[PDB]
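First up is the structure itself, then whatever we jot down about it.
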Protein chains: 2
Amino acid sequence: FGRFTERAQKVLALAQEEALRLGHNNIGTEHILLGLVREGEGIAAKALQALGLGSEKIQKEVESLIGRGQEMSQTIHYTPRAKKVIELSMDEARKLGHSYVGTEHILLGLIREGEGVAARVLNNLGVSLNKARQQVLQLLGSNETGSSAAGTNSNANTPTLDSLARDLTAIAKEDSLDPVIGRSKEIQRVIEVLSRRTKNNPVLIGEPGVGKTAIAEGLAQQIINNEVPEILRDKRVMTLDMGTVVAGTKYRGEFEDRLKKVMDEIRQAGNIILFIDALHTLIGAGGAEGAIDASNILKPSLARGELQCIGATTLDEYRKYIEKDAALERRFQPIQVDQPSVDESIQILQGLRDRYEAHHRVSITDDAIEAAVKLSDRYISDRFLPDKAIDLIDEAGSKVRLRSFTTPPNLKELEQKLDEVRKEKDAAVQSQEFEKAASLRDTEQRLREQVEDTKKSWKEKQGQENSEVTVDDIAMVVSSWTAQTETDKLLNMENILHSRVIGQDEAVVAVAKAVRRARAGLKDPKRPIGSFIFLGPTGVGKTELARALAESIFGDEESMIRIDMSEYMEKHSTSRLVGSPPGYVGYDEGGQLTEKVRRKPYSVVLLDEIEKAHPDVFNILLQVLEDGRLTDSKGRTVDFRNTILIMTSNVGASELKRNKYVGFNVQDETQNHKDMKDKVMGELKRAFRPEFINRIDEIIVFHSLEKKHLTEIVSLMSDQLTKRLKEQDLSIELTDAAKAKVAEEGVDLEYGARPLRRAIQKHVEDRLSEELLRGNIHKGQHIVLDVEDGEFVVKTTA
Amino acid sequence: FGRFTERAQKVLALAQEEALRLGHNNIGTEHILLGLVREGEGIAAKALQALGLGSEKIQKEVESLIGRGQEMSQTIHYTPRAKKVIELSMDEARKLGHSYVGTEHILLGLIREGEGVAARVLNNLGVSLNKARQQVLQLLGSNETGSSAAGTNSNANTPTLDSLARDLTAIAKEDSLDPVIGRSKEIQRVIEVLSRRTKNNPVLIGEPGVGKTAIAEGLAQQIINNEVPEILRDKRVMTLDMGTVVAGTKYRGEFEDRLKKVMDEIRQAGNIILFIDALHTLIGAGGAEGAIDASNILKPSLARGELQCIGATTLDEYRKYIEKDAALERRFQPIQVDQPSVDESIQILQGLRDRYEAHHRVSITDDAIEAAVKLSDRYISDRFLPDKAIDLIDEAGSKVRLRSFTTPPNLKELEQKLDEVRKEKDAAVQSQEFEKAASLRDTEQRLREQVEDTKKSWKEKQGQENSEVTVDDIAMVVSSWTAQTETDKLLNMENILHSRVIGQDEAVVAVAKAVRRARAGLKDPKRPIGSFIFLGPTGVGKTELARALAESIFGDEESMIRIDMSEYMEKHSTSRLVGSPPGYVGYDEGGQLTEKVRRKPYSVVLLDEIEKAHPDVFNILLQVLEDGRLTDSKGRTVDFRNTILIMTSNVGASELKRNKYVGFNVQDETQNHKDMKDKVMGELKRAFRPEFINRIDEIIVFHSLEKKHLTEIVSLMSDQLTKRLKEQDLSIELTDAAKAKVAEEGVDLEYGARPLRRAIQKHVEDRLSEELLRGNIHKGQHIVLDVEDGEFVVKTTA
């Protein structure tokens, strides 16, 4: 593997030595056995010494196979039998914890593969093979955190702790706990509120989403040893774990019975600390429905202080417990739990790096880890800032680790050859045709040593990746899904936003810098990554930048919400037939807008045409842009805190859609362009209040239609066509010249831009499908549609 | 522990004495053992004398396992075995509830921890380890006070009281029942309802939720001694306990059967009292569902006086029983249970004080206790008058006690040092030399004694708090949630409200004065602490005073409800624009207002624009002012304990949202103020009917936009930026010079003072994030935005 211990490796090498000492050309498992007993009193060796085996005794049996002397050091590698015994030992060390592998596992693995060369050595020398595996097993993997013992005494605690549940305190006597991270100052605030015995219940409110449970392990460690008052002396810390409760329970009544039992034993009161994660669920209050109504027993328990407990809730959760009162107000008392401070995230990362050495490429790159956080919060953006983080780490901490064994030097062709050989070889002997297989057989094995030699020349491709988790890598992986290539995304955001939005640079750079500003990692991710107003007509600019922001901001353009404010009027978007209006603005606020962004805290949220809606909608939007949150949909809190809010506007649209027109000359065209990139910022102001527009980071400017838009419509539609031909394979691109010939059947004055579908269909879809049938084009290679002399032409390229 | 018997402590000191008397110098367990047998006939000592161990006999063995001689009297403290034996005694006293650990427990713990020289002494002197702990065990911990009767009886009473459950009367003939103390005046009307035959069932109505259950123990005591009614000198009080019934059961039918059985045994009729907590659940009447319908058996039982029982009910419950009729109301007959009078509260506080001295603190401070009540009633204000109180007492009654153990005087640096020692020492030996650790090792334990010496110099911070609670502290806990720093809050209310409201002192002092009156004791403890109308167009002062009122009035800035009355007219966001579908005023009375204030009964209620509300609304708010309560949302009563009802008005607007303006004179600005601070207090009255407003006291005055009112808005918006940046960990402040450059792009006449947020976005948000991105300012340093010579400058500080 790359995780083994000395003693293991040492028992193994001793085998090769005995192979040759005994004349065995191929180092049998029999020699692995010798290896084990020849390492003397190693965990394997020692085991063998118990069963009654000396290095010699093994070696004689071993010698009775091939025996002295038929070793010229010819093909002195292991036997396939012996190779199996080793593979088993690695797993036999997973078994005994051990991420590495000890001596024992090698003897244990030997036993497992019990009919081999080894096996026979022990089973001939009067040692039952499993009697040997016993003996090794009962001599540990040799992985510990150190230990000691001295015993305790009887105490009241006996009935309780069985049920339900694990106790942090036990595991901390011989420590194995970690802080882990914090959110340290939160732990302190508990002890006033808990060295209380009448509103003695702390209640942590944050978000999921900070690793709330980290703060909890904090308490455990510090409340035992040793700075705690005599108030909270005679302490036990008990966690009430949900998982054991749900198991073996088929109904609500039985679940309640288990909770009742806990409450009865809870008489250990005021000297016991109970940790209840997700506190809200038990109270069962608020909403259309609850979950379970433990509250009846639980409310007096909190008031009495018999249940002296710690509640872990999120943004939304608390409301449905303090609303019941007043043994929630003579219980609960609040404590500040972050909307992640970036640094706290980072520390979690460092802690779990070595275990992504079981996901190899981590431990390290440290620098990449900080980035894991920093790039992730802003680039996907969806999750919570430490999940976000870690995703970059392990992804990148694997992506390249895949690239490790992709080839030899490209001697993958070698392996391919060795196969083909076997066939020939075989089929020839299968007729027999002895030497007509023989030379093929030889050619096979030629290949074989070579294969393995150059597949392990790509141990150099291992040494590259197998502990770097690389900066660029981490960044790349966030960029891949949906430091370097996210900060190249941030710094070069404008470049990325420019490549998708054509014309109106004015808007792009304004957004670019504002998001990039946020994207430093600083601005605070408790409030959107960007607020914006995106001006421009219904045409060209706005949406496209929002999308392009998904690309630049998030890594790929694979996250852009878009909610219409005209639905937030009550009407103008359920007009006549279309849509469902169930109290319609109430539906949008009350559910729709909040639900969508609650799924994706990620995306560029584009709240469309805030012109047509009344100023009242905007007061609501203003909270979204400022607070970074809105609360609706049964009291749920929606994170707009790393969204990019973009509110669009236009009512002068027509002027930005104004034809180029030959008003006298072709410089009426060049007076139509320049004019429209000016005209926009006043079409914003005219249909609604200013108060909203000021929340916005920057005022983004766009414009559209002229003459010259028709051949741009052809370039939107033809690209949707060719992409639906990509879905089940076919790579197409149209050159602009070919889009022109399509437009040629579209400059009807009497039938508008209707003929464009038909001519795009005719020259692209229809033409490609009727060309795939010819064999002119090739599915899965790149197909360029151009006009050359004057007519449309399909050409092919790789 | 920090609480012990003589006997315990005596066994301990004798160990050190024996260390040297025998040649040792470190007290192992051997000296503790010696301690036990040398303490003579304390329960540990006595035990050892029984099993056959003399003081002599122990000390000689002890001495034969080091002793004679190592004598030179090296520092005699424990060693780790010996420390373990002690840890066990603490738990061996917990075991039998001794909160003042006794002799026995030390021998019990010694045995348990039966290793070290002691163990060997005892196992040498013809006593097995368990034979020794047995002897001790079987004689008390020495912490009793129960029993006072040695009588015996058998009577018909047997089947009933068995089942199900206790006998309050017994425990008060054992000298172990407390009154507790209520709610004393509550108990008396019950005794009428208890000597009857018809109407013989009491039903206590209040809030549950006041510690109501105290009144019940009152009865127990009075049924015993000594002048009480004729059947009350022939009555026994037996408790109907829900907990035993539900235990071992999980079917509703079985619960009913058991209740039927209880009624069968109730044949002690006309001489039996059943105590039923939370009476409603059994009756099952009213609501949209039951809770289990005992009524078939229960109703005739209740009316006849074969079940003469005591009901503990709440705000709503009674209504849903007289509706049931006609044996429900026959049985019932009412008694007044208050949310106890200010004085009643106080007595409860004092009564449970010593056990927050078992929660090692309060014991005292008296001024803080009285305050716990008084301050609670007005400051949070989220329960009934005593529940609040006691919570302050223990919270604060720990908060400073937490500060007890967190430093030496400042000799915390010692502990820090002692660490560094371990390291140098360790790593040096860990490589070796021996002596390359040695002097470092030695330096460590030198340090250690110093460390520990000054950590127990911070027993002085224990003697400070371990009978205190602090005034300021109790007050602090009330400030924490939402005497001294709440009555300093009361006294300095004005100062606190002034520091957070800028513009119109008239308003501030007015709220201050009504609240400070109320907050001194005189004013309803169940109606708003201030009802107010807050005048002037939205922009300056109104909300901000409501907030500032939370800070001064409640002790922290938080908890303020806020409902807009202008929506409640059923025509403004009834379905019109962004709100929710209901027929809006019906929703507000029927649910919204009442539910919201029910969560925090203290909340600053801001009923916005009572002017623009329907005249029915004025009645709804008026009902809060009259009753102090509103009853809605399925008959729940919302306690507006010391809410601050704040009714807003946006009128006066034309002058109060004008331009202060140079009218031809620069004294048109300073007369636009003087005019505006006049114009509001007459503009409120015209927009709504008098019937409401007359039960609204102070007329709170505010304005907004001017020349000058504008520049007060700039400083509100810049402050909205700086707080949202704190969550990640960025400390920002704008000095006035930077707020000025921001104003530079928003003193437009053609766009007003709307641009200011936007100009903050470019010059503050955008500038700081682009300054953080360049790293000239940083997280955890205070960042000043100033203007120097007409240009903005971002600085870094500390």
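Within each chain, counting starts at residue 1; across the structure tokens, chains are named A, B, ... in the order shown, with ligands numbered 1 upward in that order.
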
Residues near residue B:764, cut-off 12 Å, only C-alpha atoms, skip fewer than 6 positions along chain, as a PyMOL selection string: (chain A and resi 517+523+697) or (chain B and resi 714+717-722+725+732-735+738-743+756-758+770-772+783-787+792-794)

Chain A contacts to chain B at 7 Å (only C-alpha atoms) as a PyMOL selection string: chain A and resi 150-156+192-193+195-199+227-233+253+322-326+329-330+333-334+339-342+514+517-518+520+522-524+568-570+583+585-586+589+616-617+690-691+694-697

Test item, strand (DSSP E or B) assignment across stretch 331-532 of chain B, answer as number ranges by chain: B: 334-336, 530-532

Close residues, residue B:680 itself excluded, 10 Å, only C-alpha atoms, min 2 positions apart in chain, as a ChimeraX atom specification: /B:534-537,649-653,655-656,675-678,682-685,699-703

Write a file of the just-selected residues containing N, CA and C atoms, as a compact mmCIF listing (two decimals), in the first residue's frame.
# COMPACT_ATOMS: atom_id res chain seq x y z
N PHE B 534 -45.28 57.29 18.77
CA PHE B 534 -43.98 57.65 18.29
C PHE B 534 -44.24 58.33 17.01
N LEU B 535 -43.98 59.65 16.99
CA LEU B 535 -44.41 60.49 15.91
C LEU B 535 -43.33 60.92 14.99
N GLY B 536 -43.72 61.30 13.75
CA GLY B 536 -42.83 61.83 12.76
C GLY B 536 -42.64 60.89 11.63
N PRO B 537 -42.50 61.36 10.39
CA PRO B 537 -42.22 60.55 9.22
C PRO B 537 -41.06 59.65 9.43
N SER B 649 -46.54 56.73 14.00
CA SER B 649 -47.24 57.70 13.23
C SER B 649 -46.17 58.28 12.38
N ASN B 650 -46.44 58.48 11.07
CA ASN B 650 -45.47 58.98 10.12
C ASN B 650 -45.85 60.35 9.64
N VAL B 651 -46.75 61.01 10.40
CA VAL B 651 -47.36 62.27 10.07
C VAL B 651 -46.49 63.41 10.48
N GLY B 652 -46.82 64.60 9.93
CA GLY B 652 -46.16 65.86 10.18
C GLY B 652 -45.26 66.10 9.01
N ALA B 653 -45.00 65.01 8.25
CA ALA B 653 -44.14 64.81 7.13
C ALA B 653 -43.72 65.99 6.31
N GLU B 655 -43.20 69.26 6.79
CA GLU B 655 -42.16 70.06 7.40
C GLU B 655 -41.05 69.20 7.90
N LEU B 656 -41.40 67.95 8.26
CA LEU B 656 -40.58 67.02 8.99
C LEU B 656 -39.87 66.11 8.05
N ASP B 675 -39.83 74.17 14.49
CA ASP B 675 -41.17 74.04 13.96
C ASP B 675 -41.64 72.62 13.95
N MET B 676 -40.71 71.68 13.69
CA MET B 676 -40.98 70.28 13.46
C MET B 676 -41.19 69.63 14.79
N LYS B 677 -40.41 70.03 15.82
CA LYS B 677 -40.61 69.59 17.18
C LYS B 677 -41.85 70.14 17.84
N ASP B 678 -42.84 70.61 17.04
CA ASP B 678 -44.06 71.20 17.50
C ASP B 678 -45.19 70.53 16.76
N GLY B 682 -49.60 67.26 17.23
CA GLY B 682 -50.96 67.61 16.88
C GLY B 682 -51.44 66.87 15.65
N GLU B 683 -50.50 66.29 14.88
CA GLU B 683 -50.73 65.56 13.65
C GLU B 683 -51.05 64.12 13.91
N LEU B 684 -50.67 63.57 15.08
CA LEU B 684 -51.05 62.21 15.41
C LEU B 684 -52.54 62.05 15.60
N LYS B 685 -53.15 62.83 16.53
CA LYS B 685 -54.52 62.80 16.97
C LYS B 685 -55.56 62.85 15.89
N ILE B 699 -46.28 61.28 24.56
CA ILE B 699 -46.31 61.61 23.17
C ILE B 699 -44.87 61.82 22.81
N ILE B 700 -44.34 60.82 22.10
CA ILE B 700 -42.96 60.69 21.73
C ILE B 700 -42.81 61.38 20.41
N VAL B 701 -41.84 62.31 20.31
CA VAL B 701 -41.71 63.19 19.18
C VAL B 701 -40.49 62.92 18.35
N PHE B 702 -40.64 62.81 17.01
CA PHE B 702 -39.52 62.61 16.13
C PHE B 702 -39.88 63.22 14.81
N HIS B 703 -38.89 63.33 13.89
CA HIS B 703 -39.07 63.91 12.58
C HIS B 703 -38.33 63.06 11.58

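The space between atom CA of residue B:487 and atom CA of residue A:191 spans 24.5 Å.
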